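Participant: Sharing a structure here in structure tokens format.
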Number of protein chains: 2
Amino acid sequence: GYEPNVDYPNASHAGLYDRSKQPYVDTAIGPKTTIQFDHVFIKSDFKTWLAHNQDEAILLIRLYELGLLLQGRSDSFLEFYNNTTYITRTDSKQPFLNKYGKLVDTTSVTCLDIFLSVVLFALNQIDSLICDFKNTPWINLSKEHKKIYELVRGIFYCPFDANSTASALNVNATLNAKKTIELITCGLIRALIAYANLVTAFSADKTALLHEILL
Amino acid sequence: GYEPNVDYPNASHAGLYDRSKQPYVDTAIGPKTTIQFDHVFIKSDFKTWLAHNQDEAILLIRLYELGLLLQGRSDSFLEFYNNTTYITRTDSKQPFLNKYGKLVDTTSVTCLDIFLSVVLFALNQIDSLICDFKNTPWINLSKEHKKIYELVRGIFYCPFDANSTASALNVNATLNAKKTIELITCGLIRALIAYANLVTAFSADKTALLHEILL
Ligand SMILES: [Ca+2]
Ligand SMILES: [Ca+2]
């Protein structure tokens, strides 16, 4: 287990002993790259994942917002888009980019536990909805899943004889309902693979904390 | 935050102040219900999940075995079914039930970190394979994914004119390949939702440990 380059990464970067695509960022220390428990800090795998996977992080942040609404956290939800500053359009996901930045700035394990718990709550809700939708070929949803269905929906012609369109809707109503579930399932898979990796990084970070706070 | 019943669960069970389906199991203390770091023990959400979700736990154990093979852990793999005792068939999943029991008996955070890391490794492999399979309508897989495909496959007629069958295979070869991916995707979704919940329970257990080992 002897490798001087791994023990001295800045020297490894300086002598070009490695192939890092963004040299020296791996040694930057601040709130954006660490987490802490009881003011004991570690360089965080969780924070590295957020920075390398911004796009997928935004998806999870969008699921956090859904979790708030499903949990009844009214104020947190209704104020989720405040303080954006611009009177014009910017990035289509501007409010979630802003929250992303504040998530990266969060260092306390306590606060980060809350984030992941709400995201998982939303992920479990969506999984439960899809299972209910698909438990019979005839579509029938519980009162609670009918609600989830519309929330996930919003949160995220016969030119030869137009008259025939009207009667084609009865067929196209079911098609639209199923398409929505197929798209929801696609997003759920992507969100789950991202969450699985993010929370394992967080769990490994906690092991490092457990080792550090021992003495 | 005053609720005498939550502070005294055994008394709550005795007076029938709750509706637990298996009263008193929630206060049983042993290796099967705890985890430890540095010989500091906590009652484990992780262990409760395994006990409540045995079926899904076995699926994750099967993915652990796949991860071993993909990581080159030869001995661990080739000995994975030893010490079953019976010369006759028992439960179809007998060796995985045996490993399940030993997983429940494992208390060290260190050992449990290894289990989840290998399972995630297999989950990421399968996700990467599916993405490669579906990146073009014409099926073409990397040399490494061709391998994963067969491993996941194994680890887990025209009666009016039989002659026409032969020429129907060219169509049915692609159909069989796609069916396999659809089934793999179904299992991946189920495994991911289970892993997401299990590792969040594990992460919450580590927070409790962090609180306890402070003093
Ligand atoms: Ca239903
Ligand atoms: Ca391909």
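If you're wondering about the labels, chains in the structure tokens are A, B, ... by order shown, residues count from 1 in each chain, ligands from 1 in order shown.
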Within 7 Å of chain A, which residues of chain B show up when using only C-alpha atoms, listed as JSON, numbers by chain?
Facilitator: {"B": [189, 192, 193, 195, 196, 199, 200, 203, 206, 210]}
Participant: Just N, CA and C atoms for this one: save the residues we selected as a compact mmCIF listing (two decimals), in the first residue's frame.
Facilitator:
```txt
# COMPACT_ATOMS: atom_id res chain seq x y z
N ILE B 189 -35.52 -1.85 -12.02
CA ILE B 189 -36.38 -0.90 -11.33
C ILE B 189 -36.71 -1.40 -9.93
N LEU B 192 -33.64 -1.21 -7.78
CA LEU B 192 -33.24 0.16 -7.45
C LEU B 192 -34.12 0.75 -6.35
N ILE B 193 -35.43 0.55 -6.44
CA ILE B 193 -36.32 1.08 -5.41
C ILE B 193 -36.00 0.43 -4.07
N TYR B 195 -32.97 -0.87 -3.18
CA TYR B 195 -31.67 -0.37 -2.75
C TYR B 195 -31.78 1.05 -2.21
N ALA B 196 -32.51 1.91 -2.91
CA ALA B 196 -32.69 3.28 -2.47
C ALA B 196 -33.22 3.33 -1.05
N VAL B 199 -30.44 1.67 1.53
CA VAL B 199 -29.27 2.48 1.83
C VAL B 199 -29.63 3.79 2.52
N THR B 200 -30.86 4.29 2.35
CA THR B 200 -31.28 5.43 3.15
C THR B 200 -31.47 5.03 4.61
N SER B 203 -28.08 4.88 5.93
CA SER B 203 -27.54 6.22 6.14
C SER B 203 -28.13 6.86 7.40
N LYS B 206 -26.41 5.47 10.38
CA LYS B 206 -25.10 6.06 10.62
C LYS B 206 -25.22 7.40 11.33
N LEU B 210 -23.39 8.40 14.64
CA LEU B 210 -22.65 9.64 14.82
C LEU B 210 -23.07 10.35 16.10
```
Participant: Mind listing the residues within 10 Å of ligand 1, only C-alpha atoms and all ligand atoms counted, as a PyMOL selection string?
Facilitator: chain A and resi 129-142+145
Participant: Pick out each residue of stretch 1-178 of chain B that DSSP on the backbone tags as helix (DSSP H, G or I); I need them as a PyMOL selection string.
Facilitator: chain B and resi 4-7+9-14+25-27+31-33+45-52+54-71+74-78+94-104+109-134+143-155+162-178
Participant: Can you list, as a PyMOL selection string, every protein, DNA or RNA residue that comes within 7 Å of residue A:106 when you count only C-alpha atoms, leaving out same-chain residues fewer than 3 positions away?
Facilitator: chain A and resi 31+102-103
Participant: Quick one: residues within 7 Å of stretch 63-69 of chain B, only C-alpha atoms counted, chain neighbours fewer than 6 positions away excluded, as a list in words?
Facilitator: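 Here the answer would be residues 77, 115, 118, 119, 121 and 122 of chain B.
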Participant: Name the residues of stretch 30-204 of chain B that fall into strand (DSSP E or B) according to DSSP on the backbone, using the chain letters and numbers of this document, as an MDAnalysis selection string.
Facilitator: chainID B and resid 34:37 40:43 108
Participant: Near residue A:23, within 8 Å and counting only C-alpha atoms, which residues show up once chain neighbours fewer than 3 positions away are dropped, as an MDAnalysis selection string?
Facilitator: chainID A and resid 13 20 26
Participant: Keeping only N, CA, C and O atoms, take the residues you just selected and write them out as a PDB file, in the first residue's frame.
Facilitator:
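Saved to out_10.pdb:
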```
ATOM      1  N   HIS A  13      -0.324  16.411  -9.361  1.00  0.00           N
ATOM      2  CA  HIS A  13      -0.829  17.321 -10.387  1.00  0.00           C
ATOM      3  C   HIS A  13       0.291  18.172 -10.975  1.00  0.00           C
ATOM      4  O   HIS A  13       0.336  18.395 -12.189  1.00  0.00           O
ATOM      5  N   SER A  20      -6.004  13.867 -14.432  1.00  0.00           N
ATOM      6  CA  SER A  20      -7.194  14.590 -13.999  1.00  0.00           C
ATOM      7  C   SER A  20      -7.632  15.589 -15.063  1.00  0.00           C
ATOM      8  O   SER A  20      -6.814  16.334 -15.610  1.00  0.00           O
ATOM      9  N   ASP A  26      -9.663  18.831  -6.933  1.00  0.00           N
ATOM     10  CA  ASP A  26      -9.842  17.778  -5.937  1.00  0.00           C
ATOM     11  C   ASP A  26      -9.273  18.138  -4.569  1.00  0.00           C
ATOM     12  O   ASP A  26      -9.590  17.450  -3.592  1.00  0.00           O
TER      13      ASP A  26
END
```
Participant: Skipping near chain neighbours, those fewer than 4 positions away, what residues fall within 10 Å of stretch 152-158 of chain A using only C-alpha atoms, listed as a VMD selection string?
Facilitator: chain A and resid 59 62 to 63 65 to 66 122 126 147 to 148 162 to 166 168 to 169 180 to 181 183 to 184 187
Participant: Keeping N, CA, C and O atoms for every residue in the selection just given, could you write it to a file as a PDB file, in the first residue's frame?
Facilitator:
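Final file, again.pdb:
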```
ATOM      1  N   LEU A  59     -32.710  17.294 -11.308  1.00  0.00           N
ATOM      2  CA  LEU A  59     -33.853  16.383 -11.297  1.00  0.00           C
ATOM      3  C   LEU A  59     -34.243  16.004  -9.872  1.00  0.00           C
ATOM      4  O   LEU A  59     -35.432  15.963  -9.532  1.00  0.00           O
ATOM      5  N   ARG A  62     -35.925  18.898  -8.176  1.00  0.00           N
ATOM      6  CA  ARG A  62     -37.319  18.996  -8.595  1.00  0.00           C
ATOM      7  C   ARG A  62     -38.177  17.999  -7.831  1.00  0.00           C
ATOM      8  O   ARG A  62     -39.329  18.288  -7.496  1.00  0.00           O
ATOM      9  N   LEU A  63     -37.630  16.816  -7.547  1.00  0.00           N
ATOM     10  CA  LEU A  63     -38.360  15.830  -6.762  1.00  0.00           C
ATOM     11  C   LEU A  63     -38.468  16.255  -5.303  1.00  0.00           C
ATOM     12  O   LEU A  63     -39.468  15.951  -4.643  1.00  0.00           O
ATOM     13  N   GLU A  65     -38.944  19.340  -4.373  1.00  0.00           N
ATOM     14  CA  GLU A  65     -40.080  20.258  -4.372  1.00  0.00           C
ATOM     15  C   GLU A  65     -41.398  19.496  -4.380  1.00  0.00           C
ATOM     16  O   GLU A  65     -42.346  19.867  -3.676  1.00  0.00           O
ATOM     17  N   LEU A  66     -41.478  18.425  -5.170  1.00  0.00           N
ATOM     18  CA  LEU A  66     -42.681  17.599  -5.161  1.00  0.00           C
ATOM     19  C   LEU A  66     -42.910  16.986  -3.785  1.00  0.00           C
ATOM     20  O   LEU A  66     -44.046  16.928  -3.304  1.00  0.00           O
ATOM     21  N   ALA A 122     -40.687  11.340  -2.250  1.00  0.00           N
ATOM     22  CA  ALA A 122     -41.292  11.547  -3.560  1.00  0.00           C
ATOM     23  C   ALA A 122     -41.058  10.352  -4.474  1.00  0.00           C
ATOM     24  O   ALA A 122     -41.955   9.959  -5.230  1.00  0.00           O
ATOM     25  N   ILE A 126     -44.035   8.044  -6.306  1.00  0.00           N
ATOM     26  CA  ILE A 126     -44.158   7.815  -7.745  1.00  0.00           C
ATOM     27  C   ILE A 126     -44.148   6.325  -8.050  1.00  0.00           C
ATOM     28  O   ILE A 126     -44.943   5.841  -8.862  1.00  0.00           O
ATOM     29  N   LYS A 147     -54.326  11.822  -7.354  1.00  0.00           N
ATOM     30  CA  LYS A 147     -53.685  13.074  -6.989  1.00  0.00           C
ATOM     31  C   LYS A 147     -52.224  13.103  -7.416  1.00  0.00           C
ATOM     32  O   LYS A 147     -51.785  14.042  -8.088  1.00  0.00           O
ATOM     33  N   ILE A 148     -51.449  12.095  -7.011  1.00  0.00           N
ATOM     34  CA  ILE A 148     -50.038  12.033  -7.390  1.00  0.00           C
ATOM     35  C   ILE A 148     -49.891  12.114  -8.904  1.00  0.00           C
ATOM     36  O   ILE A 148     -49.011  12.812  -9.423  1.00  0.00           O
ATOM     37  N   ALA A 162     -62.152  15.286 -40.184  1.00  0.00           N
ATOM     38  CA  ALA A 162     -61.970  15.813 -38.833  1.00  0.00           C
ATOM     39  C   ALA A 162     -63.060  15.327 -37.888  1.00  0.00           C
ATOM     40  O   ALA A 162     -62.811  15.167 -36.687  1.00  0.00           O
ATOM     41  N   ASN A 163     -64.267  15.088 -38.410  1.00  0.00           N
ATOM     42  CA  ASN A 163     -65.342  14.541 -37.588  1.00  0.00           C
ATOM     43  C   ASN A 163     -64.903  13.257 -36.896  1.00  0.00           C
ATOM     44  O   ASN A 163     -65.227  13.031 -35.723  1.00  0.00           O
ATOM     45  N   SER A 164     -64.160  12.404 -37.607  1.00  0.00           N
ATOM     46  CA  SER A 164     -63.702  11.147 -37.026  1.00  0.00           C
ATOM     47  C   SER A 164     -62.752  11.368 -35.858  1.00  0.00           C
ATOM     48  O   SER A 164     -62.565  10.456 -35.045  1.00  0.00           O
ATOM     49  N   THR A 165     -62.143  12.552 -35.758  1.00  0.00           N
ATOM     50  CA  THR A 165     -61.254  12.831 -34.635  1.00  0.00           C
ATOM     51  C   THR A 165     -61.987  12.654 -33.311  1.00  0.00           C
ATOM     52  O   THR A 165     -61.543  11.896 -32.442  1.00  0.00           O
ATOM     53  N   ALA A 166     -63.125  13.337 -33.152  1.00  0.00           N
ATOM     54  CA  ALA A 166     -63.909  13.254 -31.922  1.00  0.00           C
ATOM     55  C   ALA A 166     -64.001  11.827 -31.399  1.00  0.00           C
ATOM     56  O   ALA A 166     -63.702  11.553 -30.233  1.00  0.00           O
ATOM     57  N   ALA A 168     -62.127   9.361 -32.199  1.00  0.00           N
ATOM     58  CA  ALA A 168     -60.810   8.796 -31.945  1.00  0.00           C
ATOM     59  C   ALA A 168     -60.266   9.177 -30.575  1.00  0.00           C
ATOM     60  O   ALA A 168     -59.303   8.555 -30.115  1.00  0.00           O
ATOM     61  N   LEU A 169     -60.861  10.172 -29.916  1.00  0.00           N
ATOM     62  CA  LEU A 169     -60.360  10.608 -28.619  1.00  0.00           C
ATOM     63  C   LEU A 169     -60.553   9.531 -27.567  1.00  0.00           C
ATOM     64  O   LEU A 169     -59.681   9.324 -26.717  1.00  0.00           O
ATOM     65  N   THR A 180     -48.164   9.046 -20.436  1.00  0.00           N
ATOM     66  CA  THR A 180     -47.726   9.783 -19.256  1.00  0.00           C
ATOM     67  C   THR A 180     -47.007   8.864 -18.276  1.00  0.00           C
ATOM     68  O   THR A 180     -45.977   9.239 -17.703  1.00  0.00           O
ATOM     69  N   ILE A 181     -47.526   7.648 -18.083  1.00  0.00           N
ATOM     70  CA  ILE A 181     -46.901   6.721 -17.145  1.00  0.00           C
ATOM     71  C   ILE A 181     -45.567   6.226 -17.689  1.00  0.00           C
ATOM     72  O   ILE A 181     -44.604   6.048 -16.932  1.00  0.00           O
ATOM     73  N   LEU A 183     -43.524   7.920 -19.599  1.00  0.00           N
ATOM     74  CA  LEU A 183     -42.576   9.003 -19.370  1.00  0.00           C
ATOM     75  C   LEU A 183     -42.225   9.116 -17.891  1.00  0.00           C
ATOM     76  O   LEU A 183     -41.061   9.341 -17.538  1.00  0.00           O
ATOM     77  N   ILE A 184     -43.219   8.969 -17.012  1.00  0.00           N
ATOM     78  CA  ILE A 184     -42.952   9.011 -15.576  1.00  0.00           C
ATOM     79  C   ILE A 184     -42.012   7.881 -15.182  1.00  0.00           C
ATOM     80  O   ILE A 184     -41.086   8.072 -14.383  1.00  0.00           O
ATOM     81  N   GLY A 187     -38.403   8.753 -16.184  1.00  0.00           N
ATOM     82  CA  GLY A 187     -37.795   9.670 -15.239  1.00  0.00           C
ATOM     83  C   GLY A 187     -37.513   9.034 -13.896  1.00  0.00           C
ATOM     84  O   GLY A 187     -36.517   9.367 -13.248  1.00  0.00           O
TER      85      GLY A 187
END
```
Participant: Compile the contact shell of residue B:101 as a list in words: residues with an atom at most 12 Å away, counting only C-alpha atoms, same-chain residues fewer than 4 positions apart removed.
Facilitator: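 So the residues in contact are residues 31, 32, 33, 47, 50, 51, 54, 57, 58, 61, 94, 95, 96, 97, 105 and 106 of chain B.
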Participant: Put those residues in a file: N, CA, C and O atoms, as a tab-separated table (two decimals), in the first residue's frame.
Facilitator:
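Written out: result-v3.tsv:
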```tsv
chain	number	residue	atom	x	y	z
B	31	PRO	N	-27.47	-9.34	17.44
B	31	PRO	CA	-26.81	-9.05	16.12
B	31	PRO	C	-27.81	-8.89	14.98
B	31	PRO	O	-27.57	-8.11	14.05
B	32	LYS	N	-28.94	-9.59	15.05
B	32	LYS	CA	-29.91	-9.58	13.96
B	32	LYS	C	-30.68	-8.27	13.87
B	32	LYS	O	-31.33	-8.02	12.85
B	33	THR	N	-30.63	-7.42	14.90
B	33	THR	CA	-31.39	-6.18	14.91
B	33	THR	C	-30.55	-4.94	15.12
B	33	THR	O	-31.12	-3.84	15.23
B	47	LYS	N	-31.41	-3.29	9.45
B	47	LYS	CA	-31.78	-4.66	9.79
B	47	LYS	C	-33.29	-4.85	9.80
B	47	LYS	O	-33.79	-5.92	9.41
B	50	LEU	N	-34.36	-5.45	6.13
B	50	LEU	CA	-34.07	-6.80	5.66
B	50	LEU	C	-35.13	-7.78	6.15
B	50	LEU	O	-35.53	-8.69	5.41
B	51	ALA	N	-35.57	-7.62	7.40
B	51	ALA	CA	-36.51	-8.57	7.98
B	51	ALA	C	-37.91	-8.38	7.40
B	51	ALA	O	-38.64	-9.36	7.19
B	54	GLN	N	-37.76	-9.54	3.09
B	54	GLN	CA	-36.86	-10.65	2.78
B	54	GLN	C	-36.77	-10.91	1.28
B	54	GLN	O	-35.68	-11.12	0.74
B	57	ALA	N	-34.65	-8.41	-0.35
B	57	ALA	CA	-33.27	-8.59	0.11
B	57	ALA	C	-32.57	-9.69	-0.68
B	57	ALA	O	-31.39	-9.57	-1.02
B	58	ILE	N	-33.28	-10.78	-0.97
B	58	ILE	CA	-32.68	-11.87	-1.73
B	58	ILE	C	-32.28	-11.39	-3.12
B	58	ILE	O	-31.21	-11.75	-3.64
B	61	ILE	N	-29.08	-9.69	-2.79
B	61	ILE	CA	-28.01	-10.65	-2.55
B	61	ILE	C	-27.60	-11.32	-3.85
B	61	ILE	O	-26.41	-11.57	-4.09
B	94	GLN	N	-32.26	-21.54	-1.73
B	94	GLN	CA	-31.62	-21.93	-0.48
B	94	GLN	C	-30.28	-21.26	-0.23
B	94	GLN	O	-30.10	-20.69	0.86
B	95	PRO	N	-29.31	-21.29	-1.15
B	95	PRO	CA	-28.02	-20.65	-0.85
B	95	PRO	C	-28.15	-19.15	-0.58
B	95	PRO	O	-27.40	-18.61	0.24
B	96	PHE	N	-29.08	-18.47	-1.23
B	96	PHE	CA	-29.27	-17.05	-0.97
B	96	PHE	C	-30.01	-16.81	0.34
B	96	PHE	O	-29.76	-15.79	1.00
B	97	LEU	N	-30.90	-17.72	0.74
B	97	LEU	CA	-31.48	-17.63	2.07
B	97	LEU	C	-30.40	-17.78	3.14
B	97	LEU	O	-30.43	-17.09	4.17
B	105	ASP	N	-26.93	-11.33	10.40
B	105	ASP	CA	-26.04	-11.50	11.54
B	105	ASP	C	-24.83	-10.57	11.52
B	105	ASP	O	-24.11	-10.51	12.52
B	106	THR	N	-24.60	-9.86	10.42
B	106	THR	CA	-23.44	-8.97	10.32
B	106	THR	C	-23.75	-7.65	11.00
B	106	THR	O	-24.73	-6.97	10.66
```
Participant: Could you please determine the separation between atom CA of residue A:6 and atom CA of residue A:104 in Å, to one decimal place?
Facilitator: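 Computing it gives 25.8 Å between the two atoms.
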Participant: Distance atom CA of residue A:9-atom CA of residue A:107, one decimal place?
Facilitator: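 Value for the atom CA of residue A:9-atom CA of residue A:107 distance: 23.7 Å.
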